[PDB]
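Undergrad: quick one: initial chain(s) of a complex, as found there:
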Amino acid sequence: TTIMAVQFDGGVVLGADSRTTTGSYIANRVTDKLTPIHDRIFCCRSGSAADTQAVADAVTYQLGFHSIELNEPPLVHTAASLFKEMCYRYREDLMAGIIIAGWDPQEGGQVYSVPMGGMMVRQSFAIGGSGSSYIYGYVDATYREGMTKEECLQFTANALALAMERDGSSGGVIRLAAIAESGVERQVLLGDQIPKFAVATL
Amino acid sequence: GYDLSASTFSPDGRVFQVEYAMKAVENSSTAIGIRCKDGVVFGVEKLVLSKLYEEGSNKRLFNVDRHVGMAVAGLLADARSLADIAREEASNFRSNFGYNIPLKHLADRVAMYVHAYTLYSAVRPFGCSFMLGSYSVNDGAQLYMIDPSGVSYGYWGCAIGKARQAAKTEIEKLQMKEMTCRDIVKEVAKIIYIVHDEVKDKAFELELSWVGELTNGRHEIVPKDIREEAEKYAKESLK
């Protein structure tokens, strides 16, 4: 897997590849790793499919109930806190590297990483999963403060494409999402629409 | 007889044991809260039952979270237990959700706990009413009051205890929406002095607390110098 999210002024962009593996068999080549947790809050999932699905459904329940009770949209920070509590408490029984991102009216676009082990840290942008290793140098060189939504989308799509080419456990299509006050816009980059970088032939 | 258990309705559909608990709050001396432009102020008429007691003994004003004050009337041991419940709820909320509990949610949660003691022969209703006050830039000023049945509402001004009505009628004279906490403490002290029956109960301490822009959203005791001035204003206004 490769997952990523990026903050912009007014919202966030999220992305993932779509490969599920068992050993080196691809058990799903068009996985949706970006899961809505509330109207404007998504999580990107990596690690165990069973664990991250069970945890996401659980936090979706908790957050929904909390939100009805308060009669307000939930904070992104709350959603991240609930993932953190469950990923930290059960760190010995789960394999879950999560990114929580979304929009709320109080703090705007936010990205949090909850990596394995269950720590939580807010970041400008975050990457995770097995393929993230191959894009540290690329994201560190290419990231600029103040990118627009569109720039965040391209930056995300490029990073993911690079990771997907190299990481055997990542691949398929690139699913993207942008979240802002106005709502959630999702799209899929497939085939020729995935950014392309030549193999370096002699 | 129909009034011995909170698990027995009377034939008219009342729960007398809750009503009796309410009578314990109505026997108590008066506490008031006022919400204003930039915060919430609490004042309590704190009867001193012996000169042997220290200043500050039997406080009726509590910090239940850093941003939330509580003012009580009724049986004081029940109120204190409720202050512990409220504290525990604010603490647990912060642990689970990662931010300071919103006032309304805290009020509703502790109200459901009060409510749970009005259903059963196994336990008795709490003999206390209490107000919760907070302020934040995001939520503004908020003042809630909960009674022994577990009802919880929000208020501009509120009073509990034995001169409740007299206090309300004075609170209604204020245009509190446009006043600051610094102005309102004086008026709180004034009102407690008005409703205090100096013939029947001889000595009292005024207890004051506030939470607002001026304390940066922290619930704090009103400083000693400001309380003394407010007392002096209240006393001379009585004239």
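TA: That came in fine, so what should we check first? Numbers count the residues shown, from 1 in each chain, chains lettered A, B, ... in the order given.
Undergrad: Which elements pack onto the longest helix along chain A?
TA: Secondary structure of chain A per DSSP state H: the longest helix is helix A:49-70. In terms of contacts (3 or more Cβ pairs under 8 Å, 6 or more residues apart in numbering or on different chains; DSSP states H and E), helix A:49-70 is packed against strand A:34-38, strand A:41-47, helix A:76-89, strand A:96-104, helix B:103-116. Heads up, the C-betas are built off the backbone N, CA and C, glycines and all.
Undergrad: out of the ones you listed, nearest to residue A:2?
TA: strand A:41-47 (7.9 Å; Cβ to Cβ).
Undergrad: The closest one: how far from the chain's middle?
TA: Computed by Cα atoms, centre = their mean, to the nearest Å, the chain-centroid distance of strand A:41-47 equals 5 Å.
Undergrad: now it and helix A:49-70, what's the angle there?
TA: Here strand A:41-47 runs at 160 degrees with respect to helix A:49-70, directions being taken by axes from the mean of the first three to the mean of the last three Cα atoms, to 10 degrees.
Undergrad: sorry, back to before: how about the longest helix of chain A: buried residues?
TA: A:49, A:51, A:52, A:55, A:56, A:59, A:60, A:62, A:63, A:66, A:67, A:70 (16 or more other Cβ atoms under 10 Å in any protein chain shown).
Undergrad: just the residues you listed now: which is nearest chain B?
TA: Checking the buried residues of helix A:49-70 against chain B with Cβ to the nearest Cβ, the nearest one is residue A:70 at 5.9 Å.
Undergrad: For residue A:19, which of the helices and strands packed on helix A:49-70 is the nearest?
TA: strand A:41-47 (10.8 Å).
Undergrad: contacting residues around the closest one?
TA: The contact list for strand A:41-47 (Cβ atoms under 8 Å, 6 or more residues apart in numbering or on different chains) reads A:1-5, A:14-16, A:33-37, A:52-53, A:56, A:59, A:63, A:74, A:76, A:79, A:83, A:94-104, A:116, A:128-130, A:177, A:179, A:184.
Undergrad: follow-up on the earlier one: output the longest helix of chain A as CSV, restricted to C-alpha atoms.
TA: Provided in CSV are the C-alpha atoms of helix A:49-70 (Å, rounded to 0.1, in the frame of the first residue of the first chain):
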residue,chain,number,x,y,z
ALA,A,49,-7.2,-5.3,5.7
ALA,A,50,-9.2,-7.1,8.5
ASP,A,51,-7.9,-4.9,11.2
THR,A,52,-8.3,-1.5,9.5
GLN,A,53,-11.8,-2.4,8.3
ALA,A,54,-12.9,-3.4,11.8
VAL,A,55,-11.3,-0.3,13.4
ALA,A,56,-12.7,2.1,10.8
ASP,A,57,-16.3,0.7,11.3
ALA,A,58,-15.9,1.0,15.0
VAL,A,59,-14.7,4.6,14.9
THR,A,60,-17.4,5.4,12.4
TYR,A,61,-20.0,4.2,15.0
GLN,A,62,-18.3,6.1,17.8
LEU,A,63,-18.0,9.3,15.9
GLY,A,64,-21.5,9.2,14.5
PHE,A,65,-23.0,8.7,17.9
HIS,A,66,-20.9,11.5,19.4
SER,A,67,-21.9,13.8,16.6
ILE,A,68,-25.6,13.2,17.0
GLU,A,69,-25.2,13.9,20.7
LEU,A,70,-23.4,17.1,20.3
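Undergrad: add one more, call it chain C:
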Amino acid sequence: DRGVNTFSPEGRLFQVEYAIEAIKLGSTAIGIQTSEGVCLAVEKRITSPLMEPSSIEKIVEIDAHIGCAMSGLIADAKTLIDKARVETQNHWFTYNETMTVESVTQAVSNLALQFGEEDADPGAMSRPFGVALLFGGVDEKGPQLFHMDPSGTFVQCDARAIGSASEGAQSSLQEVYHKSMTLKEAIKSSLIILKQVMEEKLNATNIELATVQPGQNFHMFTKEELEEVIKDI
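TA: Putting chain C together with the chains above:
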């Protein structure tokens, strides 16, 4: 009918007060503390010549340095006595020292108000114990006599009577007791007092007597040793 943990308007637990009235239905026991040891003496109260006297046991050894005389509802005393025995042995086990008379009495006295019907385990104590106890022994404070009743109150006494004739016996005790009194004097004094208070004619089978002395372990008087002391009395 009210609950077992109900207070009266005087601030007493009804069940404890009633338990205290049950002590008056017991046989008279006497304890006296002297600088040479303590004695405990008890009226047996034989109800038929067909009963075996030696099967009435109202003075028991707690440990080698501590005895106990009981009055009231005797069947209730068993769990108290067993608790005292277990406790002194625990203390020996843990600390390699004998437990003081005061400490034994305290430990037993902490069971007293542990009754009630909706705090506790599926069938815990329903009522207080209908018994009073005199613990007599020797520890590093010297000889010592302690009294305990169903309220869980306990106190050291130079001399004390309990059961049916305790008023009476207590008056004679105030009369005869003195700080410098010998143990032999104390023994005689308590047999004289039992003799007054007892409905039956005192003899060597319808009473029991025990001592504990700085020299010597808990000792129950034999028929023959009782007869000897009875001669003068």
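Undergrad: what does stretch C:81-95 rub up against?
TA: Looking at stretch C:81-95 with Cβ under 8 Å, 6+ apart, the contacting residues turn out to be C:60, C:62-63, C:66, C:68, C:70, C:97-99, C:103-104, C:107-108, C:111, C:135.
Undergrad: ok now the longest helix of chain A, how far from the chain's centre?
TA: 16 Å.
Undergrad: relative to helix A:76-89, how tilted is it?
TA: If you take the same axes, to 10 degrees, helix A:49-70 sits at 140 degrees to helix A:76-89.
Undergrad: picking that back up, just the contacts of stretch C:81-95: which are in helices?
TA: Counting by DSSP H, the contacts of stretch C:81-95 place C:103, C:104, C:107, C:108 in helices.
Undergrad: Give me the neighbour count for the first one.
TA: With neighbours defined by other Cβ atoms under 10 Å in any protein chain shown, the count for residue C:103 comes to 15.
Undergrad: which SSE is residue B:1 in?
TA: Per DSSP states H and E, residue B:1 falls between elements, in no helix or strand.
Undergrad: residues in contact with it?
TA: Residue B:1 neighbours (Cβ under 8 Å, 6+ apart): none.
Undergrad: mind checking how far it is from residue B:17?
TA: 11 Å (Cβ to Cβ, to the nearest Å).
Undergrad: now do residue C:89
TA: 50 Å.
Undergrad: Which one of these two is surrounded by more residues?
TA: Using other Cβ under 10 Å, the more surrounded residue of residue C:89 and residue B:17 is residue B:17, with 21 against 13.
Undergrad: is it true that the more buried one lies in a strand?
TA: No - counting by DSSP: H, G, I helix; E, B strand; the rest coil, residue B:17 is not found in a strand; it is helix.
Undergrad: Give me the residue at the spatial middle of the chain.
TA: Assuming you mean chain A. Closest residue to the average C-alpha location of chain A: residue A:44 at 3.0 Å, with Cα atoms, centre = their mean.
Undergrad: other chain: chain B
TA: residue B:71 (2.8 Å).
Undergrad: In contact with it, which residues?
TA: With contact set as Cβ under 8 Å, 6+ apart, residue B:71 has these partners: B:31, B:32, B:33, B:42, B:44, B:60, B:61, B:62, B:130, B:131, B:133, B:209.
Undergrad: Return the nearest residue of chain C with respect to chain B.
TA: The minimum distance from chain C to chain B, using Cβ to the nearest Cβ, falls at residue C:118 (8.1 Å).
Undergrad: and residue C:84, how many residues sit next to it?
TA: 23.
Undergrad: mind checking which helix or strand it is in?
TA: Here residue C:84 is assigned to helix C:74-95, by DSSP H and E.
Undergrad: Drop chain D onto that structure:
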Amino acid sequence: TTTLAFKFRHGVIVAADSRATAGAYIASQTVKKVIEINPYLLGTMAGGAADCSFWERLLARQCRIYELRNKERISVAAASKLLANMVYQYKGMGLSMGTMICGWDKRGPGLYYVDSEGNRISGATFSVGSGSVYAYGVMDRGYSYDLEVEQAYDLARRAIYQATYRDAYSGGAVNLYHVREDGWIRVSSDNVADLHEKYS
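TA: One more chain to add, chain D, which I have set with the ones above:
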């Protein structure tokens, strides 16, 4: 350790060395391995030092409680049984204890071997500990039910001595007790070095 005991016409002889070790380090030369359970009952210790001390102390507690509740001396059979029932529950948890319970009750002289494996057996003679094999050789060649008292003392002392000589884990002094019908007595304590002088 080497401990032994035997029944004979005049009661039960009980003897032990006094060494303790932590691996090969000699931790003490003055351990008391014969424990006074009551004035008519002794227990011997071999194996884990803390295990033996604790469980035999607990046995002494229980025997004492018993005596108070029942108004009579516990039998050797019943005491040994209490000990076996206590340790049975811990089998497999690594307790190490081998003990002889030695007394004189209504059945006469009594001797039981009890260990942390769960064995409990009555017998005429036993030896327990890393030196037991050496004590058995000497004890077995000299033992008789009709030994005179002083001959029985000599045998026990010599058997433990000889065990201390061969077994690196036994040593110090030989401590000897005699259980008689009216109680045990402590008969002697002889440093193995002073015994060496004597037996040559």
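Undergrad: Take the contacts of strand A:41-47 again, chain D included.
TA: Against strand A:41-47 from outside (Cβ under 8 Å, 6+ apart): A:1-5, A:14-16, A:33-37, A:52-53, A:56, A:59, A:63, A:74, A:76, A:79, A:83, A:94-104, A:116, A:128-130, A:177, A:179, A:184.
Undergrad: what about whichever residue of chain D sits closest to chain B, which SS state?
TA: Chain B sits closest to residue D:93 of chain D, with a gap of 38.8 Å, by Cβ to the nearest Cβ. What three-state DSSP gives for residue D:93 is coil.
Undergrad: Excluding chain neighbours, what is closest to residue D:144?
TA: Closest residue to residue D:144 apart from its sequence neighbours, by Cβ to Cβ, 6 or more residues apart in numbering or on different chains: residue D:8 at 7.4 Å.
Undergrad: Tell me who's in contact with the one you found.
TA: With contact set as Cβ under 8 Å, 6+ apart, residue D:8 has these partners: D:109, D:144, D:145, D:146, D:147, D:152.
Undergrad: can you tell me how far the residue nearest to the centre of chain B sits from chain D?
TA: 58 Å (Cβ to the nearest Cβ, to the nearest Å).
Undergrad: Need the phi and psi values for that residue.
TA: Backbone geometry at residue B:71, expressed as degrees, to the nearest 10, gives phi -120, psi 130.
Undergrad: same thing with residue C:33?
TA: Per degrees, to the nearest 10, the backbone of residue C:33 is at phi -110, psi 120.
Undergrad: Kindly indicate whether the closest residue to it other than its chain neighbours is helix, strand or coil.
TA: Using Cβ to Cβ, 6+ apart and skipping residues adjacent in sequence, the residue nearest residue C:33 is residue C:145, 4.0 Å away. Here residue C:145 is recorded as strand under three-state DSSP.
Undergrad: swap in residue C:227?
TA: helix.
Undergrad: surely it meets residue C:204?
TA: Yes - the criterion here is Cβ atoms under 8 Å, and residue C:227 meets it with residue C:204 at 4.7 Å.
Undergrad: The two: which is more packed in?
TA: Taking other Cβ under 10 Å, residue C:227 and residue C:204 do not tie; residue C:204 has more neighbours (17 against 13).
Undergrad: Next up, the contacts around that one.
TA: Shown in contact with residue C:204 (Cβ under 8 Å, 6+ apart): C:223, C:226, C:227, C:230.
Undergrad: now residue D:103
TA: Counting by Cβ under 8 Å, 6+ apart, residue D:103 makes contact with D:12, D:37, D:40, D:41, D:42, D:75, D:76, D:79, D:109, D:110, D:179.
Undergrad: Please name the nearest non-neighbouring residue to residue B:142.
TA: Distances taken as Cβ to Cβ, 6+ apart put residue B:103 closest to residue B:142, at 4.4 Å, once the chain neighbours are dropped.
Undergrad: Just confirm that neighbour contacts residue B:139, I think it does.
TA: Yes - look at residue B:103 against residue B:139 with Cβ under 8 Å: they come within range, at 6.8 Å.
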